[PDB]
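A.B. asks: Below you'll find the structure I mean.
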Amino acid sequence: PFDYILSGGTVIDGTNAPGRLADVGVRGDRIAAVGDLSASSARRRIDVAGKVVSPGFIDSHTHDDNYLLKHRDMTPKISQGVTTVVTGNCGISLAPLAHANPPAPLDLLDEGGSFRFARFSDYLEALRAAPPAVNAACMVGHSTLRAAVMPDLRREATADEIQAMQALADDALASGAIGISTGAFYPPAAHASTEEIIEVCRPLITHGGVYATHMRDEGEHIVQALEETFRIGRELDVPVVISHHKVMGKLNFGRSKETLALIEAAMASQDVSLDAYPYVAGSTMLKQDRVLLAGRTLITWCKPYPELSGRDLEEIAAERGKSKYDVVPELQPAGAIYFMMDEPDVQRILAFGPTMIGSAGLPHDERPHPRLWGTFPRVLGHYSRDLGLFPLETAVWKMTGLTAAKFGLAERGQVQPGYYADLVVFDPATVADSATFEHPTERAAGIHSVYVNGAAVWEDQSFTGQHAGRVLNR
Ligand SMILES: [Zn+2]
């Protein structure tokens with residue numbers, strides 16, 4: 007007998023096919039059957055008429071490394087239908103690094119002395135011992151590696167330092183890491199050469215992991231950054247994942263046509279993937295960057311001046327008698343939201359076939375970017391339903407089947423007999439992102455229930471207490 011059957015709803019199986027009326031039976035942590043299950047005995051037959059039953063959403067781009075440990079409920083994500091998170095992005099991973107004051111943007115994961123894992127395996131062991139509500143597919147970050155090995159980050163790494171970082175990366179992969187990420191855009195790795203990155207990532211071919219990247223530049227020099235990324239992919243001979251693809255800065259608006267063409271062309275000869283979030287504003291460490299600071303900028307948190315959280319940077323700068331660019335140093339370390347993208351480009355990138363959905367949520371932020379709480383429902387509701395950017399099955403595929411495939415998450419991402427029971431029950435008519443920049447932590451609408459490995463983690467708009475997530479391996 008099945009533990010339960012989700013009956014009377016419409017199944018969108020995650021294979022990018024129109025939904026069909028069918029029941030979904032679960033036994034233990036597996037989807038036992040799909041279709042007319044009236045003849046199957048079940049201990050519970052849950053009515054989900056008028057709802058869609060889809061695979062659990064897989065957040066392809068998170069910075070939930072530490073949040074998984076400190077807030078196992080993972081409410082920001084399960085409330086949106088997320089059942090699996092990919093961590094350690096943009097070269098930023100919680101482990102391996104024992105440091106009381108890690109360099110920005112590593113501080114985006116810190117809650118105070120959070121970087122206490124000397125070995126990547128220690129981190130994974132911690133997760134397994136006290137599992138979060140969602141599954142975790144963890145990558146090790148190149149910048150974290152640099153911080154752990156290099157006494158001076160403002161230069162290229164020596165052969166010895168590269169050897170030290172490669173050893174840590176190899177141990178991480180051996181321990182279960184699904185890949186290695188880089189973020190040469192940030193200070194810790196700005197001086198890292200392409201060759202350094204290649205040598206440190208050599209182990210990916212041996213362990214079969216992926217190379218993920220926050221490209222060196224996403225504006226004026228994005229073509230060069232894209233070419234570097236493709237080159238790295240060819241040298242390593244592993245799948246590459248371009249993180250939160252965008253074209254930032256007014257001088258680059260409309261260039262998504264150009265970048266997507268280059269990416270599509272690359273996909274014809276090598277393994278390339280990409281993800282993006284559904285918003286026109288970015289968010290990360292407060293940084294002295296003339297493009298990031300060109301437009302509206304909001305502070306998400308501020309160490310030296312906590313009372314600045316939520317304030318508009320232009321106001322702060324103007325009142326301190328300086329430009330936003332010049333006032334940044336005295337406010338660091340801090341975080342911010344940057345309105346530097348254009349809706350047309352965001353829509354073009356989301357619509358681009360292969361683009362997976364990734365939130366890039368920064369969970370520890372005092373006044374966070376709403377993507378942390380509304381990314382997935384925003385794609386399913388606002389973009390798919392209300393704007394018709396793509397049919398619902400395609401929007402679902404972009405956050406389930408496609409993603410599971412690109413990250414090698416076996417037996418997940420599809421509503422298929424035999425696959426793991428990571429599932430979401432949502433109302434296609436009402437699903438919507440409630441989080442706004444003004445109120446960035448509002449729970450999404452239309453999310454009925456969420457299951458991870460068969461156990462309900464989200465029901466009646468609350469965490470059930472089921473710490474059902476598992477550390478996954480590629
Ligand atoms: Zn990034």
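Counting the sequence shown from 1 gives a position; the deposited numbering is that position plus 6. Built from N, CA and C at the ideal position, the CB exists for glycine as well.
Within the same chain, show all residues whose beta-carbon is closer than 7 Å to that of residue 482, passing over the 5 residues directly before and after it, in chain order.
C.D. replies: The shown model of the chain, from 7 to 480, leaves out residue 482, and the question about it has no answer.
A.B. asks: Cβ of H251 within 7 Å of any heavy atom in ligand 1?
C.D. replies: One-based indexing of the sequence shown puts residue 251 at position 245. No - ligand 1 has no heavy atom lying nearer than 7 Å to the Cβ of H251.
A.B. asks: For residue 487, verify whether its CB is less than 7 Å away from any heavy atom of ligand 1.
C.D. replies: With the chain covering 7 to 480 only, the question about residue 487 has no answer from this structure.
A.B. asks: Could you say which of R373, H197, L130 lies nearest to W307 if we only look at CA atoms?
C.D. replies: Here residue 307 refers to the residue found at position 301 of the sequence shown. Per the Cα distances, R373.
A.B. asks: To the nearest angstrom, how far is the alpha carbon of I184 from that of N479?
C.D. replies: Taking the first residue of the sequence shown as 1, we reach residue 184 at position 178. Taking the first residue of the sequence shown as 1, we reach residue 479 at position 473. Each residue's alpha carbon lies about 6 Å from the other.
A.B. asks: What separation, rounded to the nearest whole angstrom, lies between the Cα atoms of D392 and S47?
C.D. replies: Translated into the one-based positions of the sequence shown, residue 392 becomes position 386. Translated into the one-based positions of the sequence shown, residue 47 becomes position 41. Computed Cα separation, rounded: 39 Å.
A.B. asks: For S262, does the three-state DSSP call read helix, strand or coil?
C.D. replies: Along the sequence shown, one-based indexing puts residue 262 at 256. Note: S262 maps to helix in three-state DSSP.
A.B. asks: Less than 8 Å separating the beta-carbons of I98 and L74?
C.D. replies: As a first step, residue 98 is located in the sequence shown; it is residue number 92 there, counting from the start. As a first step, residue 74 is located in the sequence shown; it is residue number 68 there, counting from the start. Contact flag unset, no.
A.B. asks: Does the structure place the segment 61-68 close enough to the segment 146-160 that three or more beta carbon pairs sit under 8 Å?
C.D. replies: In short, these stretches do not touch, since the Cβ pair count stays below three.
A.B. asks: Is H220 near ligand 1 - that is, is its Cβ less than 7 Å away from at least one heavy atom of it?
C.D. replies: As a working note, residue 220 is residue 214 in the sequence shown. Yes, since a heavy atom of ligand 1 falls inside the 7 Å radius drawn around the Cβ of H220.
A.B. asks: Flag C207 as yes when its Cβ comes closer than 7 Å to any non-hydrogen atom of ligand 3, and as no otherwise.
C.D. replies: As far as ligands go, the structure on display features ligand 1 and does not contain ligand 3.
A.B. asks: Report all residues from its chain with a CB closer than 7 Å to the CB of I84; omit the five preceding and five following residues, and keep chain order.
C.D. replies: Here the question's residue 84 lines up with position 78 in the sequence shown. The residues are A139, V140, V456, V463, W464, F469.
A.B. asks: Along the alpha helix (DSSP H) that carries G239, what are the first and last residues, could you check?
C.D. replies: Locating residue 239 in the sequence shown gives position 233, counting from the first residue. Segment 228-242, the alpha helix (DSSP H) holding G239.
A.B. asks: Hey, could you find the ends of the beta strand (DSSP E) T68 is sitting in?
C.D. replies: In the sequence shown, counting from the first residue as 1, residue 68 sits at position 62. From DSSP, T68 is part of no beta strand (DSSP E); its letter is neither H nor E.
A.B. asks: Compare the Cα-Cα distances from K252 to each of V246, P245, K263, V244 and report the closest residue.
C.D. replies: Taking the sequence shown and counting its residues from 1, the one referred to as residue 252 is at position 246. The candidate whose alpha carbon is nearest that of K252 is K263.
A.B. asks: Is the beta carbon of residue 512 less than 8 Å from the beta carbon of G475?
C.D. replies: With the chain covering only 7 through 480, there is no way to say anything about residue 512.
A.B. asks: Could you check whether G14 and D53 sit closer than 8 Å to each other, using their CB atoms as the reference points?
C.D. replies: One-based indexing of the sequence shown puts residue 53 at position 47. One-based indexing of the sequence shown puts residue 14 at position 8. Yes, the Cβ-Cβ distance between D53 and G14 is below 8 Å.
A.B. asks: What is the C-beta distance between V286 and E349, in whole angstroms, given that I count them as a contact (C-beta under 8 Å)?
C.D. replies: To locate residue 286, count along the sequence shown from 1; it is residue 280. To locate residue 349, count along the sequence shown from 1; it is residue 343. Contact holds; Cβ gap of about 6 Å.
A.B. asks: Along the chain, where does the alpha helix (DSSP H) that runs through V286 open and close?
C.D. replies: Here residue 286 refers to the residue found at position 280 of the sequence shown. Counting along the chain, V286 falls outside any alpha helix (DSSP H), and DSSP gives it neither H nor E.
A.B. asks: For the candidate residues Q294, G87, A39, whose alpha-carbon lies nearest to that of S365?
C.D. replies: For the purposes of this step, residue 365 is taken as residue 359 along the sequence shown, with counting starting at 1. Considering only alpha carbons, the answer is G87.
A.B. asks: Drop a sphere of 10 angstroms on the beta-carbon of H445, count the other beta-carbons inside from all chains shown, and report buried for 16 or more, exposed for fewer.
C.D. replies: Taking the sequence shown and counting its residues from 1, the one referred to as residue 445 is at position 439. The residue is exposed, with fewer than 16 neighbouring Cβ atoms inside 10 Å.
A.B. asks: Just to confirm before moving on: does the CB-CB distance between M145 and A218 stay below 8 Å?
C.D. replies: Mapped onto the sequence shown, residue 145 falls at position 139. Mapped onto the sequence shown, residue 218 falls at position 212. Yes, the Cβ-Cβ distance between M145 and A218 is below 8 Å.
A.B. asks: Roughly how many angstroms lie between the CA atoms of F345 and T188, to the nearest whole one?
C.D. replies: By 1-based counting over the sequence shown, the position of residue 345 is 339. By 1-based counting over the sequence shown, the position of residue 188 is 182. So the two alpha carbons sit approximately 23 Å from each other.
A.B. asks: If I follow the unbroken alpha helix (DSSP H) through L130, where does it start and stop?
C.D. replies: Mapped onto the sequence shown, residue 130 falls at position 124. Its alpha helix (DSSP H) spans residues 126-135.
A.B. asks: Tell me whether the beta-carbon of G25 lies closer than 8 Å to the beta-carbon of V58.
C.D. replies: Taking the sequence shown and counting its residues from 1, one reaches residue 25 at position 19. Taking the sequence shown and counting its residues from 1, one reaches residue 58 at position 52. Cβ atoms of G25 and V58: closer than 8 Å.
A.B. asks: Taking all protein chains shown into account, decide if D158 is buried (16 or more other Cβ within 10 angstroms of its Cβ) or exposed.
C.D. replies: Looking up residue 158 in the sequence shown gives position 152. Its Cβ having fewer than 16 others within 10 Å, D158 is exposed.
A.B. asks: In terms of residues, what are the limits of the alpha helix (DSSP H) holding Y331?
C.D. replies: As a working note, residue 331 is residue 325 in the sequence shown. Here the alpha helix (DSSP H) through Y331 covers 330-337.
A.B. asks: Which residues share a DSSP beta bridge with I168?
C.D. replies: Locating residue 168 in the sequence shown gives position 162, counting from the first residue. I168 is not bridged to any residue.
A.B. asks: For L378 and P111, what's the separation of their Cα atoms in angstroms?
C.D. replies: Within the sequence shown, numbered from 1, the residue matching residue 378 stands at position 372. Within the sequence shown, numbered from 1, the residue matching residue 111 stands at position 105. The straight-line gap from Cα to Cα measures roughly 17 Å.
A.B. asks: Write down the C-beta distance between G367 and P82 rounded to the nearest angstrom, noting that I regard them as a contact closer than 8 Å.
C.D. replies: As a first step, residue 367 is located in the sequence shown; it is residue number 361 there, counting from the start. As a first step, residue 82 is located in the sequence shown; it is residue number 76 there, counting from the start. With a Cβ gap of about 6 Å, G367 and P82 count as contacting.
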